[PDB]
Amino acid sequence: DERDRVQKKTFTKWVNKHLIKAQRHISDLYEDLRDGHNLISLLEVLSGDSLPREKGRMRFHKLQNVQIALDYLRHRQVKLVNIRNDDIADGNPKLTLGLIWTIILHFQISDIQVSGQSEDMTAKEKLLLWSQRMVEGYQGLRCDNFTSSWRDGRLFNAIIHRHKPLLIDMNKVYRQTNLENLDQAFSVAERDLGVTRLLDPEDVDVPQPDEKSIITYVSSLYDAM
Amino acid sequence: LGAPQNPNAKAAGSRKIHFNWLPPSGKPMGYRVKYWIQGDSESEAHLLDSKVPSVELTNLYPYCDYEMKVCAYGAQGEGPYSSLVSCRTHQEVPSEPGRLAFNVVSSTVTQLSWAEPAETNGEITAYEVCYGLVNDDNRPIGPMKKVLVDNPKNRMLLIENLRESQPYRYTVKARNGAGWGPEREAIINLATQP
């Protein structure tokens, strides 16, 4: 619940980022999507294609509006399980979160490519392999999961420094707090790599950080490299 | 062709309202009433042919703003339309809540998730979740355990400390100013569940 809110936050900031071209912005994920007009804009941008829109205000209209968004995903071979038009237009949060994850998984974690691939691995494993491969030569650093591995934020500062050593002093991140590592990494990634601050340090420095929110941010960290 | 001044309109039920106005002077054989939802077109309104200075409108959406206006036609024809009135219908019992979707954590812990009622009929103020033991024939074993949701904002509920491999009945109801509503019920056994 409070456990869930972090993921709700991360998805919201993600959707908003890709929205702004379509100059709308979400304040609450569970309500501002129900009409589908925002959903369709997200797909209209993330692909360039031009999707249709009903303009009525009856339930039937928003139901028919959102079905257009789901069908563009269905037509794109994307596998939607246990998600109905009846689900989203009223804003069943878990199924709304579920859809937005699917979109992130399809559009931002599909073309993951790393040296030495076994062409069976899921997208996650590839990014998990990509993560490990970058932090390969650093000392005392392993990235075994998208949960408890990134708590310190040391992994973040490595992935940066591997790309561009002109911006990170690795010896310092070894000594300072988990927060200082998180914040400095995040600011560096925004001001110099053009990635958006999808995560706030306070949310991460906890025992079991939201895996889905992590995967989303490392995905945003891969586009820039 | 005089205009009918001094009209007043109010609600009469949860799905009907009553429009009255003081008669003009001239040649009205019968009346016509324009009426639409506040936020809708002027020309795209519903019209209702009346002969008497009073009507009872029907198939109106509860908790919805309405605008209306009445003219008078007869030996010369339609005259001026009266002063525009604005009336909002009463609240009503909300429908069944959305699909009951679970998120299975452990054999004793779950995550209950539902959607806001299909047609709200007013502003939903609170919900109610009730869960408990059951057999195979949907006949409960013991009392339900009703937990009042605090605010209508949250549709998420956590449920822990439960018997494993035992079927449970869950119910969700919706409350809006008019009162409670019909329930949505799901039988779910966390063992069979993924």
# chains A, B, ... in the order shown; residues from 1 in each chain; ligands from 1
>>> residues_around(residues="region 129-145 of chain A", least_positions_apart="5", cutoff="10 Å", atoms="only C-alpha atoms", output="PyMOL selection string")
chain A and resi 112-117+121+123-124+150+154-163+170+174+211+214-215+218+222
>>> residues_around(residues="region 188-204 of chain A", least_positions_apart="4", cutoff="6 Å", atoms="only C-alpha atoms", output="list in words")
residues 10, 179, 182 and 209 of chain A
>>> write_last_selection(atoms="C-alpha atoms", output="compact mmCIF listing (two decimals), in the first residue's frame")
# COMPACT_ATOMS: atom_id res chain seq x y z
CA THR A 10 7.80 6.32 -10.49
CA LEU A 179 21.99 9.14 0.15
CA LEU A 182 22.06 8.43 -4.82
CA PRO A 209 13.37 -1.03 -2.91
>>> closest_atom_pairs(of="chain A", to="chain B", cutoff="8 Å", atoms="only C-alpha atoms", output="tab-separated table")
residue	atom	partner	partner_atom	distance
A:1	CA	B:156	CA	6.5
A:86	CA	B:98	CA	7.5
A:87	CA	B:115	CA	6.9
A:88	CA	B:115	CA	8.0
A:90	CA	B:116	CA	5.5
A:91	CA	B:115	CA	5.5
A:92	CA	B:115	CA	4.1
A:93	CA	B:113	CA	7.2
A:94	CA	B:113	CA	6.6
>>> write_last_selection(atoms="N, CA and C atoms", output="PDB file, in the first residue's frame")
ATOM      1  N   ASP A   1       0.836  -1.195   0.000  1.00  0.00           N
ATOM      2  CA  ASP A   1       0.000   0.000   0.000  1.00  0.00           C
ATOM      3  C   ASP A   1       0.874   1.250   0.000  1.00  0.00           C
ATOM      4  N   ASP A  86     -13.272  -2.811 -18.716  1.00  0.00           N
ATOM      5  CA  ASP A  86     -14.014  -2.561 -17.467  1.00  0.00           C
ATOM      6  C   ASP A  86     -13.007  -2.216 -16.346  1.00  0.00           C
ATOM      7  N   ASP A  87     -11.843  -2.862 -16.372  1.00  0.00           N
ATOM      8  CA  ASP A  87     -10.728  -2.520 -15.457  1.00  0.00           C
ATOM      9  C   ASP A  87     -10.212  -1.043 -15.322  1.00  0.00           C
ATOM     10  N   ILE A  88      -9.770  -0.464 -16.442  1.00  0.00           N
ATOM     11  CA  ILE A  88      -9.143   0.855 -16.424  1.00  0.00           C
ATOM     12  C   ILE A  88     -10.002   2.117 -16.370  1.00  0.00           C
ATOM     13  N   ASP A  90     -12.533   2.843 -14.925  1.00  0.00           N
ATOM     14  CA  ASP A  90     -12.987   3.169 -13.576  1.00  0.00           C
ATOM     15  C   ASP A  90     -11.789   3.327 -12.647  1.00  0.00           C
ATOM     16  N   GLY A  91     -10.613   2.967 -13.148  1.00  0.00           N
ATOM     17  CA  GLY A  91      -9.374   3.150 -12.418  1.00  0.00           C
ATOM     18  C   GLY A  91      -9.103   2.150 -11.311  1.00  0.00           C
ATOM     19  N   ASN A  92      -9.079   0.863 -11.651  1.00  0.00           N
ATOM     20  CA  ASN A  92      -8.579  -0.152 -10.734  1.00  0.00           C
ATOM     21  C   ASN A  92      -7.065  -0.045 -10.714  1.00  0.00           C
ATOM     22  N   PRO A  93      -6.516   0.558  -9.652  1.00  0.00           N
ATOM     23  CA  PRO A  93      -5.114   0.989  -9.592  1.00  0.00           C
ATOM     24  C   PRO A  93      -4.113  -0.098  -9.961  1.00  0.00           C
ATOM     25  N   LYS A  94      -4.275  -1.307  -9.433  1.00  0.00           N
ATOM     26  CA  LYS A  94      -3.315  -2.365  -9.717  1.00  0.00           C
ATOM     27  C   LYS A  94      -3.266  -2.692 -11.206  1.00  0.00           C
TER      28      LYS A  94
END
>>> residues_around(residues="residue 170 (chain B)", least_positions_apart="6", cutoff="12 Å", atoms="only C-alpha atoms", output="mmCIF file with N, CA and C atoms, in the first residue's frame")
data_model
loop_
_atom_site.group_PDB
_atom_site.id
_atom_site.type_symbol
_atom_site.label_atom_id
_atom_site.label_comp_id
_atom_site.auth_asym_id
_atom_site.auth_seq_id
_atom_site.Cartn_x
_atom_site.Cartn_y
_atom_site.Cartn_z
ATOM 1 N N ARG B 99 -14.325 -4.897 -10.756
ATOM 2 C CA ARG B 99 -13.877 -6.278 -10.600
ATOM 3 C C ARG B 99 -13.023 -6.439 -9.356
ATOM 4 N N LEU B 100 -13.212 -7.545 -8.650
ATOM 5 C CA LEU B 100 -12.387 -7.838 -7.492
ATOM 6 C C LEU B 100 -11.100 -8.519 -7.932
ATOM 7 N N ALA B 101 -10.024 -7.739 -7.986
ATOM 8 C CA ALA B 101 -8.726 -8.243 -8.419
ATOM 9 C C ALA B 101 -7.757 -8.409 -7.251
ATOM 10 N N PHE B 102 -7.201 -9.609 -7.122
ATOM 11 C CA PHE B 102 -6.283 -9.909 -6.035
ATOM 12 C C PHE B 102 -4.830 -9.880 -6.497
ATOM 13 N N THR B 110 -2.624 -11.397 1.124
ATOM 14 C CA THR B 110 -3.010 -10.953 -0.214
ATOM 15 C C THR B 110 -3.101 -9.433 -0.327
ATOM 16 N N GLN B 111 -3.460 -8.965 -1.520
ATOM 17 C CA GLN B 111 -3.583 -7.540 -1.806
ATOM 18 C C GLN B 111 -4.851 -7.289 -2.622
ATOM 19 N N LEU B 112 -5.900 -6.810 -1.955
ATOM 20 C CA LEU B 112 -7.207 -6.644 -2.585
ATOM 21 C C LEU B 112 -7.326 -5.313 -3.320
ATOM 22 N N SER B 113 -7.851 -5.367 -4.541
ATOM 23 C CA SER B 113 -7.918 -4.190 -5.402
ATOM 24 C C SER B 113 -9.208 -4.147 -6.217
ATOM 25 N N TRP B 114 -9.956 -3.056 -6.093
ATOM 26 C CA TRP B 114 -11.183 -2.895 -6.865
ATOM 27 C C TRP B 114 -11.243 -1.537 -7.545
ATOM 28 N N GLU B 128 -16.939 -0.295 1.790
ATOM 29 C CA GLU B 128 -16.875 -1.285 2.855
ATOM 30 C C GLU B 128 -16.400 -2.627 2.337
ATOM 31 N N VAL B 129 -15.377 -3.178 2.983
ATOM 32 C CA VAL B 129 -14.890 -4.512 2.652
ATOM 33 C C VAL B 129 -15.208 -5.496 3.776
ATOM 34 N N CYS B 130 -15.753 -6.651 3.417
ATOM 35 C CA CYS B 130 -16.050 -7.679 4.400
ATOM 36 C C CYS B 130 -15.491 -8.998 3.918
ATOM 37 N N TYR B 131 -14.681 -9.645 4.749
ATOM 38 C CA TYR B 131 -14.157 -10.961 4.398
ATOM 39 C C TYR B 131 -14.279 -11.989 5.527
ATOM 40 N N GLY B 132 -14.214 -13.265 5.156
ATOM 41 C CA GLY B 132 -14.369 -14.334 6.124
ATOM 42 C C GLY B 132 -14.289 -15.720 5.518
ATOM 43 N N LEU B 133 -14.343 -16.727 6.389
ATOM 44 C CA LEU B 133 -14.252 -18.133 5.998
ATOM 45 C C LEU B 133 -15.501 -18.576 5.252
ATOM 46 N N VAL B 134 -15.386 -19.670 4.503
ATOM 47 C CA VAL B 134 -16.507 -20.190 3.725
ATOM 48 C C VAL B 134 -16.246 -21.639 3.318
ATOM 49 N N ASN B 138 -20.538 -21.557 -0.983
ATOM 50 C CA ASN B 138 -20.720 -20.135 -0.689
ATOM 51 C C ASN B 138 -21.542 -19.891 0.580
ATOM 52 N N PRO B 140 -21.003 -19.140 4.322
ATOM 53 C CA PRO B 140 -20.008 -18.660 5.285
ATOM 54 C C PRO B 140 -19.919 -19.514 6.546
ATOM 55 N N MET B 144 -18.788 -12.379 9.256
ATOM 56 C CA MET B 144 -17.969 -11.613 8.332
ATOM 57 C C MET B 144 -17.101 -10.664 9.141
ATOM 58 N N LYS B 145 -16.011 -10.205 8.541
ATOM 59 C CA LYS B 145 -15.165 -9.221 9.198
ATOM 60 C C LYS B 145 -15.091 -7.929 8.387
ATOM 61 N N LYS B 146 -16.080 -7.073 8.625
ATOM 62 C CA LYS B 146 -16.258 -5.835 7.884
ATOM 63 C C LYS B 146 -15.206 -4.807 8.285
ATOM 64 N N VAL B 147 -14.484 -4.284 7.300
ATOM 65 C CA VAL B 147 -13.521 -3.217 7.546
ATOM 66 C C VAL B 147 -13.860 -1.973 6.730
ATOM 67 N N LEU B 157 -6.295 -2.508 -0.509
ATOM 68 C CA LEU B 157 -6.390 -3.032 0.845
ATOM 69 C C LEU B 157 -5.500 -4.254 1.026
ATOM 70 N N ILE B 159 -4.494 -7.622 3.252
ATOM 71 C CA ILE B 159 -5.133 -8.590 4.131
ATOM 72 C C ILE B 159 -4.135 -9.663 4.542
ATOM 73 N N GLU B 183 -23.460 -5.069 -3.784
ATOM 74 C CA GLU B 183 -22.098 -5.518 -3.517
ATOM 75 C C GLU B 183 -21.487 -6.330 -4.648
ATOM 76 N N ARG B 184 -20.158 -6.357 -4.667
ATOM 77 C CA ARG B 184 -19.395 -7.232 -5.543
ATOM 78 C C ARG B 184 -18.703 -8.293 -4.684
ATOM 79 N N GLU B 185 -18.882 -9.558 -5.045
ATOM 80 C CA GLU B 185 -18.395 -10.661 -4.223
ATOM 81 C C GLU B 185 -17.497 -11.605 -5.004
ATOM 82 N N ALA B 186 -16.384 -12.006 -4.394
ATOM 83 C CA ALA B 186 -15.467 -12.952 -5.025
ATOM 84 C C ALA B 186 -14.995 -14.031 -4.062
ATOM 85 N N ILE B 187 -15.111 -15.288 -4.479
ATOM 86 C CA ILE B 187 -14.554 -16.386 -3.701
ATOM 87 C C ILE B 187 -13.157 -16.717 -4.218
ATOM 88 N N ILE B 188 -12.173 -16.677 -3.324
ATOM 89 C CA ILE B 188 -10.783 -16.873 -3.720
ATOM 90 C C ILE B 188 -10.000 -17.694 -2.704
ATOM 91 N N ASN B 189 -9.372 -18.761 -3.188
ATOM 92 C CA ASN B 189 -8.507 -19.588 -2.359
ATOM 93 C C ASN B 189 -7.050 -19.399 -2.772
#
>>> select_by_dssp(residues="chain B", states="strand (DSSP E or B)", output="PyMOL selection string")
chain B and resi 8-11+17-20+28-38+40+46-50+54-56+65-74+85-88+101-102+110-113+124-134+140+145-148+156-159+168-176+179+184-188
>>> atom_distance(atom1="CA of residue 52 (chain B)", atom2="CA of residue 5 (chain B)")
15.5 Å
>>> atom_distance(atom1="CA of residue 176 (chain A)", atom2="CA of residue 164 (chain A)")
20.4 Å
>>> decode(residues="region 85-96 of chain B", atoms="N, CA and C atoms", output="compact mmCIF listing (two decimals), in the first residue's frame")
# COMPACT_ATOMS: atom_id res chain seq x y z
N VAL B 85 -33.94 28.14 -15.88
CA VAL B 85 -33.83 27.60 -14.54
C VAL B 85 -32.76 26.52 -14.50
N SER B 86 -32.22 26.27 -13.31
CA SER B 86 -31.18 25.25 -13.14
C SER B 86 -31.44 24.37 -11.93
N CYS B 87 -31.62 23.07 -12.16
CA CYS B 87 -31.93 22.13 -11.09
C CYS B 87 -31.06 20.87 -11.16
N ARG B 88 -30.60 20.40 -10.01
CA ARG B 88 -29.79 19.19 -9.93
C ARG B 88 -30.57 18.10 -9.20
N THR B 89 -30.66 16.93 -9.84
CA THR B 89 -31.43 15.81 -9.33
C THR B 89 -30.81 15.23 -8.06
N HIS B 90 -31.58 14.44 -7.32
CA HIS B 90 -31.10 13.85 -6.07
C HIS B 90 -30.04 12.78 -6.28
N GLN B 91 -29.34 12.42 -5.20
CA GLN B 91 -28.35 11.35 -5.25
C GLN B 91 -29.06 10.01 -5.30
N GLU B 92 -28.20 9.00 -5.65
CA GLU B 92 -28.77 7.66 -5.68
C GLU B 92 -27.77 6.59 -5.28
N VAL B 93 -28.29 5.44 -4.86
CA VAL B 93 -27.50 4.26 -4.53
C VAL B 93 -26.57 3.87 -5.68
N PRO B 94 -25.25 3.93 -5.44
CA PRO B 94 -24.25 3.60 -6.45
C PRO B 94 -24.32 2.13 -6.84
N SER B 95 -23.76 1.77 -7.98
CA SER B 95 -23.81 0.39 -8.48
C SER B 95 -22.80 -0.50 -7.76
N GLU B 96 -22.60 -1.70 -8.30
CA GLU B 96 -21.58 -2.60 -7.78
C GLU B 96 -20.20 -2.04 -8.10
